[PDB]
Amino acid sequence: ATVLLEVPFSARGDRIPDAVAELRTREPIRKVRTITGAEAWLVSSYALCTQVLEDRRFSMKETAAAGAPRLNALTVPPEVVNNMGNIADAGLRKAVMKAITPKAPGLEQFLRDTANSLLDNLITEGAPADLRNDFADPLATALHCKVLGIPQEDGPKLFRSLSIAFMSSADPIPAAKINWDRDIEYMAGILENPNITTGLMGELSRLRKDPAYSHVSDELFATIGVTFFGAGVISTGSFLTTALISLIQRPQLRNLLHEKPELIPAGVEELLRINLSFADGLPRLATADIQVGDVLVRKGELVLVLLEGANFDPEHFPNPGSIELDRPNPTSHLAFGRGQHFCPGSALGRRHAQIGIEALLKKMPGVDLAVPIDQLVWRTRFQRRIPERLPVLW
Ligand code: HEM
Ligand SMILES: Clc1[nH]c2ccccc2c1-c1nn(-c2ccccc2)cc1Cn1ccnc1
């Protein structure tokens, strides 16, 4: 006898397990066990993944309900699960979304300058270089300090919360509350700080004193800062790190993009499609009995939407493991989700990766791994897949 299939399958972010394709073919919705011991339905085809994400009766908010089957323990207060809904109810969605586009004057130049400085320091120090800890993550951190309007020198401390805050744990995590409460106090201070006049926190600080927002809570204003910094930094740093691996493993593509950088946006869209940065399926709780494929999902059950299930589905993306810059459906992947909860940072995440890759290919056209790929150490029980270090030479 064997136990019920456990998720996640593998923390490795450099290859998809052969098993995903066999599951998609045989049982594109099927029962699994999460690290908490809960049962869940794992959805792994493009068609069924999009069905679940576009039907709000598969609820994000309700995943936080006491007593629900859980993917993992919350590392945030349960109200944060409904963060975007709370932002919309407060009348803040348009302003928040406008502040996190990559369009502010100077933003892209700042990204380019920062990437080039980071790369020059690595070149000066000499190979090998760690492209996660000394390039992708500092680039993400610097970007989000700029986007939020907060001092660059405050970035590293906020960043160091994230190796715990985005854990995927069976049990509550005492350090997550300590860091959460500290980071909330920081953002509350930022809202009171008269020098903070630009970016997301500068805008929230003005709206906070506007009569139309006088009953929006100071807790929610601070929560927006903490959550958008953390989600954006972990998501862009992790995605860029594992996209760099996929690029380095493809010398012909690396060379093509170095030679024709106008193709980098199309290359980044494929790197998004094939990205394994999300370590777990996206969780939703059924609020009704709903037919998904051959399974009648019952009210109260947990559903997990496997992004790489959709994004490597050959029925939607032929030759799914190959990076093709001429696909007819290039942005139709699920790397940013789909539906009500589609990532509000998508444009920023694209631009962070495009500029980081453009800068890397110009400065380090010969970039290559400095260790055999199997020597990368994949972080476990985390909400992202990332190598602890990414050692390269050039
Ligand atoms: C390449 C980078 C990124 C990737 C791959 C990514 C991916 C995703 C995905 C898949 C979702 C959907 C979650 C769900 O439906 O359960 C999402 C939601 C979200 N992302 Fe991103 N993200 C990235 C960058 C960012 C950035 C830069 C920010 C902010 C600065 C951000 C903020 C958020 C927020 C606040 C949500 C929640 C939306 C909601 O619950 O409605 N993300 N992201
Ligand atoms: Cl949840 C959720 N929903 C969101 C919607 C919009 C932005 C963020 C979130 C989060 C979230 N924030 N966060 C966090 C923790 C500390 C600092 C900054 C962020 C970790 C998670 C994810 N997590 C937690 C428990 N299980 C999953």
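Residues 3-396, in that order, are what chain A shows, numbered as in Swiss-Prot.
How was it done? The header gives X-ray crystallography, 1.5 Å.
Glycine residues also receive a Cβ, built from the backbone N, Cα and C atoms like all the rest.
Here is what Swiss-Prot records for this protein:
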type    : residues                        : note
BINDING : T77, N85, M86, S237, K301, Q385 : substrate binding site
BINDING : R286, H343, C345                : heme binding site
SITE    : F168                            : site 'Participates in a stacking interactions with the tyrosyl of cYY'
SITE    : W182                            : site 'Participates in a stacking interactions with the tyrosyl of cYY'
SITE    : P346                            : site 'Important for the position of heme'
Quiz item: Counting only other Cβ atoms and using a 10 Å cut-off, which of the binding-site residues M86, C345 scores lowest?
Solution: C345
Quiz item: So which of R286, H343, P346, listed as recorded positions, have a Cβ under 6 Å from an atom of ligand 2?
Solution: none
Practice problem: Report the binding-site residues (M86, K301, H343) that meet this criterion: Cβ distance to the nearest atom of ligand 1 under 6 Å. Use sequence order and write none if nothing qualifies. | Solution: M86, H343
Exercise. Grab the heme binding residues from the record (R286, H343, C345) and give me their largest CA-CA distance in Å.
Key: 16
Quiz item: Under DSSP, is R286 (heme binding site) helix, strand or coil?
Solution: strand
Quiz prompt | Nearest of the recorded positions (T77, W182, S237, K301, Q385) to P346 (site 'Important for the position of heme') - Cα to Cα | solution = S237
Practice problem: Compute the C-alpha separation of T77 (substrate binding site) from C345 (heme binding site), stating it in Å without decimals. | Solution: 20
Exercise. Within 10 Å of each Cβ, count the other Cβ atoms and name the one among the binding-site residues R286, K301, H343 with the highest count.
Key: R286
Quiz item: Near the Cβ of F168 (site 'Participates in a stacking interactions with the tyrosyl of cYY'), how many other Cβ atoms are there if near means within 10 Å?
Solution: 20
Exercise. Look up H343 (heme binding site) in the DSSP assignment and report helix, strand or coil.
Key: helix
Quiz item: When the Cα of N85 (substrate binding site) is compared with the Cα of each of the recorded positions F168, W182, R286, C345, which one is closest?
Solution: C345
